[PDB]
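Residue numbers (full-length UniProt numbering), protein chains in the order written: chain C, 691 to 739; chain U, 740 to 827, 848 to 1084; chain W, 1035 to 1147; chain E, 937 to 985.
We treat Cβ as the ideally placed atom computed from N, Cα and C, and that holds for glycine.
Each remark here refers to the structure printed beneath this line.
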Amino acid sequence: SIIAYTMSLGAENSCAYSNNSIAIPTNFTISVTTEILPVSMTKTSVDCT
Amino acid sequence: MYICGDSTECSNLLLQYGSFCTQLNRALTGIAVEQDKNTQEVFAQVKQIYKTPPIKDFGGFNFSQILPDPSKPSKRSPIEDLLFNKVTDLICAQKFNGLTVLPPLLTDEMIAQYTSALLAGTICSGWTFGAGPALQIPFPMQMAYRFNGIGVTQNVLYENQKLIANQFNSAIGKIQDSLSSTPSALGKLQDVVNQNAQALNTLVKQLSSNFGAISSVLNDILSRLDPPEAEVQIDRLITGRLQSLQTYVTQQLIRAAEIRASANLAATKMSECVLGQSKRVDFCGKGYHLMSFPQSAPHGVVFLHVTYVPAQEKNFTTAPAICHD
Amino acid sequence: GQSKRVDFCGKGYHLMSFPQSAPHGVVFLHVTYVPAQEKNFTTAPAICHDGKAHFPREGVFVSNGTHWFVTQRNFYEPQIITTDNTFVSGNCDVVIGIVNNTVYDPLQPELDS
Amino acid sequence: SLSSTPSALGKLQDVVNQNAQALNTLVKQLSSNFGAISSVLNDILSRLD
Ligand SMILES: *[C@@H]1O[C@H](CO)[C@@H](O)[C@H](O)[C@H]1NC(C)=O
Ligand SMILES: *[C@@H]1O[C@H](CO)[C@@H](O)[C@H](O)[C@H]1NC(C)=O
Ligand SMILES: *[C@@H]1O[C@H](CO)[C@@H](O)[C@H](O)[C@H]1NC(C)=O
Ligand SMILES: *[C@@H]1O[C@H](CO)[C@@H](O)[C@H](O)[C@H]1NC(C)=O
Ligand SMILES: *[C@@H]1O[C@H](CO)[C@@H](O)[C@H](O)[C@H]1NC(C)=O
Ligand SMILES: *[C@@H]1O[C@H](CO)[C@@H](O)[C@H](O)[C@H]1NC(C)=O
């Protein structure tokens, strides 16, 4: 059925702000993402007459 | 409804034209869609929502005017509350002539939540949350990194931590007062609103024009004339009204393009100055950029840019190199 | 080139990219890095040694529980705190949260040998 | 990912679709009277002086 709902804005998350506590990475992941952009559009011409 | 105010005869005459109304509807629908997209691109950059920490002492740094006020009906920071109060029956008259306004997809509360999440993210983990997971960093160390980023050793920060926190806290208080007293501070957002209102008022106003017709009112044309004479008079009014709507839409499209450019810029600034640190000159404030904090506003975004400016200076002798042995 | 603009060339830290063509357009493949496993360590802004204050030159002071080391900011590769990893400026009285530790002097064993 | 996601290239597809509509509209707009007796010039000229 069609359901109505309030949208979620994002995942709930958290961090511990804390003085003298720091996180440091121990490993990494390489990822590749794709970005798409248009450059041109069909060139057309209309004869008025 | 704008053109043919519940007149069957007008509608049938309107149908002698091509798909005019369809094109106008497509243009306005397209604009409305873009307006929600712009909002999402500017604010919903981070989909992880962090809570504002309960510890209101970031190594001497305040931020209470920036962070949301938990005691209010709308969880706006003191600064945001001011911005909303400063930027500001005709709506019925417009409604009755077929001119309406659609709600935004995101509400002000939703925007405030995105803004708060970004602020919580930045205060807790600096820029790390914007490029991977959020890594907590003691606030003064986030500042140390930001100092190294502008060519000043971190030694300066630690030695002067109290001074820096005090100058910072004073600067924030000054902004809220500046916005409160300056009547033109939010003129850019007010101008957008004013232009849209004027464009709609113009459409309502032109309904009264005759355009060569005996009268502006279809009901009077129909109550006094026979069919073929009325058709001539009605067609004169239709032509005029079609032109009025077409003019409106063309301008509305041009204004929408301008706004997309503004929104794209705003999105860029957030990505580069809020979720990072920028080396671009005058991109995010005059002076050296350290960090930024977004605030929401009606129809837009307000950024607080924290920068450094060199102060007292002295005249010294210099030389390219030292000759030793 | 390699851009430092955040999210300009994609999410994470930008390394490089490769274009691909497309009908009426361009598609970019952006190679970026994202930090993965991470650990929480205790920290301090400086180390107090001989009464002088030592700051890391290119890193963060990290406490592993009973020992202090220096790591590069983006990766956990602990170094011994030595005089070649720090610089000294100011005394132990000014920096807030400075902790007492040993800074190793690499010359000492040669003086004794 | 590109192979499996049909919406992946929507940004380019949309350019194409919008320009197609712009031309389809011009062609369809030919079949209008605009107050004339017919949409076709040849019929107007064939029957009227
Ligand atoms: C350490 O990190 C874990 C996540 O890996 C988190 O659940 C925990 O609360 C953190 N502890 C502190 C003191 O920040
Ligand atoms: C911020 O300043 C106000 C006074 O303007 C004070 O009442 C409040 O406690 C301060 N908050 C912090 C975190 O320093
Ligand atoms: C120092 O700089 C100022 C300009 O800022 C100049 O007027 C002054 O003469 C200079 N003094 C010396 C000793 O060079
Ligand atoms: C970290 O602490 C443990 C003791 O808990 C010690 O055995 C180990 O050697 C220390 N790490 C390094 C790199 O020295
Ligand atoms: C860190 O937080 C604790 C909270 O108990 C406080 O006692 C301490 O003075 C704070 N500052 C430093 C530098 O440890
Ligand atoms: C560092 O050593 C001095 C020795 O006089 C002592 O007074 C001070 O409390 C020590 N500091 C810490 C953090 O242990």
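- Close to ligand 5, as judged by a C-beta nearer than 7 Å to any of its heavy atoms, are the residues C/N709, C/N710, W/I1130 and W/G1131, in chain order.
- Residues of chain C whose Cβ lies closer than 9 Å to the Cβ of E/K947 are, in chain order, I726, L727 and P728.
- Using beta-carbon distances, W/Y1110 counts as an interface residue toward chain C, with a partner under 9 Å.
- With respect to chain C, the C-beta atom of E/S937 has a partner C-beta closer than 9 Å.
- Interface flag for W/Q1071 against chain C is set, since a Cβ pair is found closer than 9 Å.
- By the neighbour-count criterion, in which a residue is buried when 16 or more other Cβ atoms sit within 10 angstroms of its Cβ, W/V1096 is buried.
- Counting C-beta atoms within 10 angstroms of its own C-beta, U/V915 has fewer than 16 neighbours from the protein chains shown and is therefore classed as exposed.
- Less than 9 Å divides the Cβ of W/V1068 from the Cβ of C/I720.
- In this structure, U/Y789 lies away from U/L966, with their beta-carbon atoms at least 9 Å apart.
- In the three-state reduction of the DSSP assignment, U/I923 falls in the helix class.
- The three-state reading of DSSP puts U/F800 in strand, counting E and B together.
- W/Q1054 counts as exposed, since fewer than 16 other beta carbons sit within 10 angstroms of its beta carbon.
- Contact annotation for W/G1059 against chain E: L945, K947, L948 and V951 [CB-CB distance below 9 Å, chain order].
- Distance between U/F797 and U/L962, taken at the CA atoms: about 54 Å.
- When distances are taken from the beta-carbon of W/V1137 to the heavy atoms of ligand 6, even the shortest one reaches 8 Å or more.
- The criterion of a C-beta distance shorter than 9 Å is satisfied by U/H1058 and U/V826.
- Taking every protein chain shown into account, the CB of U/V1033 has 16 or more other CB atoms within 10 angstroms, so this residue is buried.
- Interface criterion not met: the Cβ of W/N1134 is under 9 Å from no Cβ in chain C.
- Per DSSP, reduced to three states, the secondary structure at U/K825 is helical.
- In this structure, ligand 6 has a non-hydrogen atom nearer than 8 Å to the beta-carbon of W/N1134.
- The DSSP-derived three-state label of U/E868 is helix.
- Taking non-hydrogen atoms of ligand 1 into account, the C-beta of C/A701 is found less than 8 Å away from none of them.
- Think of a sphere of 8 Å around the beta carbon of U/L1034: the chain W residues whose beta carbon falls inside it are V1040 and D1041, in chain order.
- Rounded to the nearest angstrom, the Cβ distance from U/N777 to U/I997 is 35 Å, too far for a contact under 8 Å.
- With respect to U/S746, U/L948 sits apart: the two C-beta atoms are not nearer than 9 Å.
- Here the residues close to ligand 4, judged by CB distance below 7 Å to any of its heavy atoms, are W/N1098, W/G1099, W/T1100, W/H1101, W/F1103 and W/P1112 in chain order.
- Here W/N1125 is near W/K1086, since their CB atoms are less than 9 Å apart.
- Note that the C-beta distance between U/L753 and U/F759 is below 9 Å.
- When the Cα atoms are used, W/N1098 and U/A771 turn out to be separated by approximately 55 Å.
- Taken in chain order, the complete alpha helix (DSSP H) segments of 4 residues or longer contained in the segment 747–800 of chain U are 747–753 and 759–782.
- At least one C-beta of chain E is nearer than 9 Å to the C-beta of W/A1056.
- W/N1074 is a Cβ neighbour of U/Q895, given a cutoff of 9 Å.
- Bounds of the alpha helix (DSSP H) holding U/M900 are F898 to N907.
- Under the Cβ criterion of 9 Å, E/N969 is counted among the residues facing chain U.
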